[PDB]
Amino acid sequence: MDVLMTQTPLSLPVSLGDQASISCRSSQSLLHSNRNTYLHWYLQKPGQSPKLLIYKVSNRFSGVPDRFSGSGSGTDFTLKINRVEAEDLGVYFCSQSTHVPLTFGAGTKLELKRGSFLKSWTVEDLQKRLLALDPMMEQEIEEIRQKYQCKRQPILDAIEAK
């Protein structure tokens, strides 16, 4: 039977600078017989592809900020963020490859309770955040474009057949 991965919480509101902690429980232990624990963490920003953050419980992938740390053992694992920043917002998924089939958690959305201390952001972070909204707008517009594609099809089909 596939291994169930439960993430807690499902939605986690914070303010920039806060500590965030995200938990993941597997219905069966992730300790392999060859003694590795194949637990991984991903962050997927809205409208973007997921990116790998941690592999094997606690190893940060080459390039991942120091504020991310992973821990745990067997069935219980935590991801921790020290001082959340705006580019950390998004959907965190846990995954296991100790067992076949490979499985994912349902996801934990990290979002703002009610946001802004905006003038205290650096120029970089401000413009980085604008860039972060652009794929959020592209996904939503793409959705309308493909919706109207479907609305056109039966009408174009009827035209050709008349």
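Numbers for residues come from their place in the sequence shown, where the first is 1.
Per the record, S116 and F117 are separated by 1 to 3 deposited residues that have no coordinates. When the two stretches 103-111 and 120-128 are set side by side, the higher mean Cα temperature factor goes to 120-128. For the two regions 89-97 and 29-37, the entry's Cα B-factors average higher over 29-37.
Highest CA B-factor among the listed residues (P50, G47, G70, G63): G63. Within the listed group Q139, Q153, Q19, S23, the record reports its top CA B-factor for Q19. The entry lists a Cα temperature factor for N82 that places it in the highest third of the chain's modelled residues.
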